[PDB]
Amino acid sequence: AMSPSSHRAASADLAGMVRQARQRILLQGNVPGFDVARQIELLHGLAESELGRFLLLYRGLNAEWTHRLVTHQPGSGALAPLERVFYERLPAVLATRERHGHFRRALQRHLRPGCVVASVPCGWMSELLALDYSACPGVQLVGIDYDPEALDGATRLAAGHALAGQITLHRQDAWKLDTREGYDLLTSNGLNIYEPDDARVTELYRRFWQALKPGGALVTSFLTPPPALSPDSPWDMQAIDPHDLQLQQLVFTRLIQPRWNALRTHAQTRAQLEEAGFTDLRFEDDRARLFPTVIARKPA
Ligand SMILES: CCCCCCCCCCCCCCCC(=O)O
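Counted the way the deposited numbering counts, the sequence shown spans residues 0 to 4, 8 to 302.
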């Protein structure tokens, strides 16, 4: 488990996080569509869920939960009723599954025989292990992650895979990446959205650029700001169910309080990537434009 190391049992910290969320409900009262009692029911649904508990405690996703959430097939599995609504209806969850699809299409398009593909942070390597390698013999896969549990999980997920022997894993802080021209393709999801400082994200992109061979490509992603937050929000409100958005807003803002709130526009992301040395940017937007994918080229 992610915790201890807080030196306490996770159950003790969880009770605290639940108490704090309950107080925020009681002190702030009703919201449109969800009275106090209903909010308390939502909090209980979170606390009864394995993923819900992880989010209450840690306020972000790790390798395990990114994989399990992103690869969830709607209607499948053993989920409690409310838990299933969270897995299947929240606009941001729908968006990250769309994004996952765009990552797969982009990586597949750019794959060539013998190429070296890196994922940073690799997590369980869900996207790379899902690709079709039938016409790309000799691909080498590289996974970098700072979480030893992520690397263990990648190994376990790849154990029966055709490319199990083509994987090299490294425990490294992604923010300190210093590979020089080692990869043809690099994919990254779930780092920039946790870093509110724009310059720190630009520097991460620069390390990605430095790690790519000339002519290589980066596939990454970013969460975008909603209309309340930015005059330049790309959100298509006609592509978002109003009630499910209200549900997400209550769950995120009041209950979980997620750490993935470094939201950036297409133009901001373009500026960062161009500063880092990338050209020929292509954006692959999800339907509501909550979580675009970007493919960025390093000049030959
Ligand atoms: C079942 C408990 C509630 C589940 C709530 C899941 C909300 C996840 C939102 C995922 C998309 C945006 C955040 C991505 C963050 C990341 O990739 O690390």
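For every residue, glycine included, the Cβ atom is placed at its ideal position computed from N, Cα and C.
query, result
"Any non-hydrogen atom of ligand 1 within 8 Å of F224 CB", "no"
"Near ligand 3: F88 beta-carbon under 8 Å from a heavy atom", "For the structure depicted, ligand 3 is absent and the ligand set comprises only ligand 1."
"Strand pairing of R173, partner residues [DSSP]", "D147"
"Assumed close pair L109, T189 - CB separation to whole angstroms, cut-off 8 Å", "6 Å"
"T68 Cβ short of 8 Å to ligand 1 heavy atom set", "yes"
"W177 CB to nearest heavy atom of ligand 1 below 8 Å", "no"
"Selection from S8, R55, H9, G35 that minimises the alpha carbon distance to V20", "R55"
"Whole-angstrom distance between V141 and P301, CA atom to CA atom", "22 Å"
"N194 Cβ short of 8 Å to ligand 1 heavy atom set", "no"
"Unbroken stretches of the alpha helix (DSSP H), 4 residues or longer, contained in the stretch 114-162", "128-131, 150-160"
"Which residues DSSP lists as bridging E286, in chain order", "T295"
"Bounding residues of the alpha helix (DSSP H) (the contiguous stretch that carries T204)", "200-213"
"Status (buried if at least 16 other CB within 10 Å, exposed otherwise) for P123", "buried"
"C-beta contact flag for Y185 and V144 at 9 Å", "yes"
"Length-filtered (3 minimum) beta strand (DSSP E) runs lying within the stretch 236-289", "281-286"
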